[PDB]
Every structure is written in structure tokens, then in C-alpha cells.
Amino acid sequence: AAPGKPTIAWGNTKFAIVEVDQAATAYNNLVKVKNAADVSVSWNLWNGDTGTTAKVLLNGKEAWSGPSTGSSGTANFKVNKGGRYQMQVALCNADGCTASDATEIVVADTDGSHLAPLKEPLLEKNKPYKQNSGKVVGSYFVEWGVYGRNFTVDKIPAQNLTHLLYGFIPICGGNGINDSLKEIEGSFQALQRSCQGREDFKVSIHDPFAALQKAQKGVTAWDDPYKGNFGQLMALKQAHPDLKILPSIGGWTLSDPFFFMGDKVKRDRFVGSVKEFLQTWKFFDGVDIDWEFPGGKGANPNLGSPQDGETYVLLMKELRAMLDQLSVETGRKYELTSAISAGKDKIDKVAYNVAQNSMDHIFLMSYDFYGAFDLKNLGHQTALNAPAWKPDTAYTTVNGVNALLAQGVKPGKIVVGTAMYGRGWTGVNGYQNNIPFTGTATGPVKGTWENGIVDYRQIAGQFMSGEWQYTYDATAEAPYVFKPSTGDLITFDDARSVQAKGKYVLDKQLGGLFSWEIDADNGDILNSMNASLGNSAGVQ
């Protein structure tokens, strides 16, 4: 007779191809990419003949076999593809094979193949849109937004985006390399910890706890290998396979390392680390480069060189070469994007007509034109056009688009930026003709999280009532609110100015719209981005 029916031993059933060390603060020690998960299974036989061969099956396919030598056994084997498997132990002899009941085993990998889809309901005012315009609809999600802002990946209105950018992946480096981080309490020291033992100019993760370990919806079990933002983003990719999730490298305080990449030793090390990063974190679909900015005038006053243009172009060419190689190794399409200044003063430091050939999308940062960093010269921070009181205004969206077009940039590359925040001043005074923007300010408006910057959610929730005036400037295509008694002036985007940008995108055959930052919207801005680009209401 065939062997008795084995009983699978209670034991760990959760395994990982990319292992995460739970007592490691250095990125080098935190993650270990294996070629396969090490899986183990044991069994007991409570009744009968133990057979002469034991086998471990996954969905009916042998993953291990060995001699059956008594009433309990253990098998150790490798599984090289993530997912959930129905695992059986079979005991076999010449008279037949007898299989256990199946036990599910989970084999984790960083494409999220082991995860249920994170398919969460739309919150606040977000309404469902189909991505059927063919236009980019992008937004940034910030790693640190899971703390005070309490805005986690399960709150992203992900069906209403084509592109989700993760801000920010840092480049390792200490003194003189990431000095802009020292303005933020503990930030520099947190990167040095993450980068311990890791070469400068390689990418890392700035806050490993937020990115990988913090419990979040869908990834709360202790032995779920990938938690935090990355584990939720993996589950999000399972829900939305065509969503492009891009790691963004740089931004205001993590851009200092780019200024050294005129040394090809450093640039080659960076590009190789990006390749390794995308081989490690398979849910990411390419890379976004947010170097602020070639030529300087970003956070650090001591960086910027005339060579930065050339470095920027080389960097894109080389990143594209790496991503093309990764693309044919994987069968996947990878994207290379960059967020760039929208001021023509900064645009003309780069040959974007050359760089565009390496790039899928240029995210034109048509915001922060004005703000509490200048108390003398007030203006619309994210307007389409100049206002009627100052028709020579330099920093407008159209002038940034026009500067790019004047270089030879194809219109379809350019994605226009929308702000899900306002910037503002207090004590605005000495203005003429009831236009507060012809005055001067005494300081920043009291912001939501930091001085001078207000979430759009708070503008709509608090500053569109009481004493606040609301004006839509139809020449500039820009809303603003003004409190006359405190001189508080806030300049932002609203549904109408976003609609004007989206119509302008369609008229000029531009690439789409993107936004900073997704946690600050209540739904009104992203709804308008979708509607104004021609996306059909509904779900597919």
C-alpha cells in the first residue's frame, strides 16, 4: 500500500527573496538581495508507512525530494519567484504517493508579488477618473508625511494618477556633500547613520523606519518583510500595475551631491547605485532626478558651477543607458524623468533640447515663483500668466514652457506643475488699487507645517471664510486670499487655475500635469487636474 498521509509541521510559512534585517540601521545591512528565498518545511507521519521518498510540492511541482527515513522529516530548498504557493509534502513508494493537505507559503519579493492589492476607497473630495486622456497626471508623495501630516500610501488617490513620485531618495555623503541637510534638525545625522559603511555618491534610504518598518495598512504583521511606505507601494503596484512609481532623487535639501558629478568617477558610482537600487526595489519604474539646481541658487549658497549644464546632460544620457540595459534585462519599460526649475534664468543653464532625448518626462516646477523668501517683491507663486499690474513678470508658467520650447524641447515632453499648497506673507502693506501684490510684507504667513507655506486643504478649510477676501485673477489665472486686518496674503492654485493649466496643456500639446505634494490636497486639485486634461469620470 501507498504511504500514510503526512501532516505538515507547524512552522514559519513566510519567506523572502530580499531579506530585511530588523536590527540594522545602516542601509548596507538593512537589505540583503538573494537569488532565491530559503524555504524550510517539516512533516510528521502519525499513521502508517513513511514511504521511501519524500517530496515537497509547490502547486503540484516538486521543489525538493529526498529519501523518507522515518516518521518526521525536514526539507530545505530555494524558491526563486515571489508569490503565494500551495505547498504539500508527499510520501511516495512503489505503490503510490500520498499527499498532505496543502499549507500556503508566502514567498516575498519587492515587486509585491506576495501582497494583496492595496485598493483603498477615495477619501475627502477625491472623485474617480479614468486615465484615458493619454496625458501625465502626477503627484509627489513625501516619505516623512507619515508622521505629523499622517498621510500614508493607503490615502493616495492612486487611481487618479499616472505617475506617483516618491520624495526623496538621498545620495550618501557627509561634510561638504550634504551640508544642506544640516539646516534640518537631525536630518544630516540620520543620513550618515543610514550610509554607515557605504561609499559617498551611492543612493540610500533617508528614513528606513518610514520607508520600510513602520506598520501600515496591509503590512502590519511582524513578519511581513516590507512594511512602511515601500511595502504599501508594492501592494499599490499590485492594485495598479500601470501606475508608474518613480523614486525621486534630490529636492531642496538632498541636491548637494549632484554638484560633484562632473567627476565621472562619482557619476558612474551614482548611476551604478541607481541600477542596484532598482534591481533591489522592483516596484519602482525608473528614476526621477530632482537636481535643484544646475548652476546653484538652490538651498546651498556655496555650490553651483558653469559645468553643471554639461553634467546634467551627461547624467541623463548615462542614466538612460543604464535604464535601457535594465529594460532589456527585465522586459520592462523604465522611465527617466526630472523635475526642473521653471525660471528661464535657470532653464538656459541646461541644453534641454539635447537632454530631452534621454528623458520620458520633464516635470516643470511651475510653482514657488514668489513666496516669503522675498518680502519685497510679491506675486503669484504658480500662475499661468503675468498679472495685469505687472505684464513683464518673469516667473510665470508660460515663460518657463516658452523657454523650453525656444531651446527645441518637444512640447509633449513638458509636464506642467500645479501646487497643492499656497505660499504667503503676513503684514502686507502699502499696496495700491486694492491689489495686495503691489505692497511689501513684514514676514511669512503662519504655515501649516512650516513658515510661509499652507496646505491647500487648510486654505479651503480655514481661509475661505470670515474676513478673508477671495479673488480669482483671470489674467494671471491665479487665486489668492487676503486678510486685510493682519495683512496675510496667500497665493495658491485652485480648481479654476488648475483647469486653466490643463486647458493650456491640451491647447499647446504638452505632456500633462503634475503636483506637489499629494498629502496637502483635499481632492479639489487632483480632481481638476484629471478633469481639465480630459480624463473621463468613473473607474475602469
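Residue numbers here begin at 1 and follow the sequence given.
Visitor: Hey, which bit's got the bigger mean C-alpha B factor in the entry, 212-220 or 438-446?
Guide: The stretch with the larger average C-alpha B-factor is 438-446.
Visitor: Looking only at CA atoms, which has the higher mean B factor in the entry: 243-251 or 378-386?
Guide: The stretch with the larger mean CA B-factor is 378-386.
Visitor: Tell me which of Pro170, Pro411, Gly272, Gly83 tops the list for C-alpha B factor in the record.
Guide: So the option with the highest C-alpha B-factor is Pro411.
Visitor: What's the residue among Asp95, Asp285, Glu467, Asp109 with the greatest CA temperature factor in the PDB record?
Guide: When the deposited C-alpha B-factors of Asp95, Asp285, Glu467, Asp109 are compared, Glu467 is largest.
Visitor: Comparing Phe482 with the other modelled residues of its chain, is its CA B-factor in the lowest, middle or highest third?
Guide: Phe482: CA B-factor falls in the highest third of its chain.
Visitor: Quick check for you: using the entry's CA B-factors within this chain, is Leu58 in the lowest, middle or highest third?
Guide: Answer is lowest: the recorded C-alpha B-factor places it there.
Visitor: Select lowest, middle or highest to describe the third in which the CA B-factor of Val354 falls within its chain in this entry.
Guide: As the PDB entry reports it, the C-alpha B-factor of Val354 lands in the highest third of its chain.
Visitor: Comparing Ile156 with the other modelled residues of its chain, is its CA B-factor in the lowest, middle or highest third?
Guide: Lowest third of the chain for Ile156's C-alpha B-factor.
Visitor: Give the position of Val328 by CA B-factor within its chain, expressed as the lowest, middle or highest third.
Guide: Highest third, going by the recorded CA B-factors of the chain.
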